[PDB]
Amino acid sequence: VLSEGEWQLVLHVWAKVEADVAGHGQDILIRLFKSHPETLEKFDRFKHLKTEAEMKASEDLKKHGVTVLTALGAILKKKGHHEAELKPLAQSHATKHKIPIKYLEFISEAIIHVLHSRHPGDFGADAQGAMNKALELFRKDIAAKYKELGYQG
Ligand code: HEM
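Residue labels here follow a simple count from 1 along each chain's written sequence instead of the entry's numbering, which may differ, and residues missing coordinates are not shown. Excluded from the side-chain calculation are hydrogens and water; included are all heavy atoms of the structure.

- Looking at the method and resolution fields of the entry, one finds X-ray crystallography and 1.210 Å.

- Under the PDB entry, the name given to the protein chain is Myoglobin, and the source organism is Physeter catodon.
- What the PDB entry is called, per its title line, is "Carbonmonoxy Sperm Whale Myoglobin at 40 K: Laser on".
- UniProt positions are given in the numbering used here, feature names are shortened, and annotations may be inferred rather than shown by experiment. Entered under Sequence similarities in the UniProt record, the comment concerning the protein chain runs "Belongs to the globin family."

Regarding the UniProt feature "domain: Globin" in the protein chain
Logical step 1: Within this numbering scheme, the UniProt entry marks residues 1–147 as carrying the feature "domain: Globin".
Logical step 2: Helix and strand assignments come from DSSP, with helices taken as H or I runs of at least 4 residues and strands as E runs of at least 2, each series counted from the N terminus. Taken end to end, residues 1–147 is 76% helix and 0% strand, and its two terminal C-alpha atoms sit 20 Å from one another.

Notes on helix α8 (residues 125–149)
Logical step 1: For a helix, the expected span equals 1.5 Å multiplied by the residue count minus one. Between its first and last C-alpha, α8 extends 36 Å over 25 residues, near the 36 Å set by a 1.5 Å rise per residue.
Logical step 2: Turning to α8, the residues buried within the fold contact α1 (4–17), α5 (59–76), α6 (83–96) and α7 (101–118).
Logical step 3: Where α8 ends, the next residue or the one after it, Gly-150, has phi of about 90 degrees, a positive value. Pairs of residues are marked as contacts when any of their non-hydrogen atoms sit within 4.5 Å.

Remarks on the pattern of salt bridges
Logical step 1: Salt bridges, as used here, are contacts in which a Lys or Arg side-chain nitrogen is within 4 Å of a carboxyl oxygen on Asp or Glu. Inspection of every chain in the model, using the stated rule, returns 13 salt bridges.
Logical step 2: A salt bridge links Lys-79 to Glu-4; the nearest nitrogen and oxygen atoms lie 2.8 Å apart. In this pair, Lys-79 is assigned in the loop between α5 and α6 and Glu-4 in helix α1, connecting sequence segments 75 residues apart.
Logical step 3: Overall, the relative accessible area of 56% leaves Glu-4 in the exposed class.
Logical step 4: Salt-bridge contacts for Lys-34 lead to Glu-52; the nearest nitrogen and oxygen are separated by 2.8 Å. With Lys-34 in helix α2 (residues 21–35) and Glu-52 in helix α4 (residues 52–57), this residue pair connects regions lying 18 residues apart in the sequence. Only protein chains enter the calculation, and the probe is 1.4 Å; a residue is then buried if its accessible area is under 20% of its type maximum, exposed if over 50%, and partly exposed in between.

Structure follows, in C-alpha cells:
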C-alpha cells in the first residue's frame, strides 16, 4: 500500500507527463519495443515497424501511446482504488491480447526511464521509488486477475 506522501510524488510527476501525453507515449512504446522486441510482436498493429525512425514516424503508434497513458493516468489517480479500471484491462490483456505479466514489468521499466529522462527535477530517487511502488501495485492487482482467469502462468 502506498502512503499519501508516495502518492503525491507519483501524481506530481504524472501531472508533468500530461503536458505532452503523446510524446511520452511514443518514447515509452519505442523504448519497450527496442529493449524487449518480443513485445512488438504482440502488436499486429505495429509489427511492420522495423526501425526506431519508422516507429517515431507512425501516427498510429503515437495514438496508441495516448490510449495507453490515458488508461494508466486514470488508474494512478485512483491511488490504489482502481478495481473498476483494472477489470477490463486485465481481461483484455490476459484473454485477447495475450500479454504476459512479465511484459507489464517491461513497460513499467520503460515508463520509469522516460519519466526520469523528461522530468529529472520531479523524478529524483524518492519519486522513482514511489512510482515503482505504484507500478508494482498495478502489476500485483492485474496479476491476481490473470490468476483468476488461468493466465498468471
Ligand atoms: C501500463 C500498461 C498498459 C496499459 C495501461 C495499457 C492499456 C491499453 C488500452 C487502454 C488498450 C485499448 C483497450 C483494450 O484493449 O484493453 C490497449 C490495447 C492493447 N495493448 Fe495494452 N496497455 C499496457 C501494456 C501493454 C503491453 C506491455 C503490451 C504488449 C507487450 C500491450 C499490448 C496491447 C495490445 C496488443 C493492444 C491492442 C492494440 C490494437 O491492435 O489496437 N499492452 N492497451
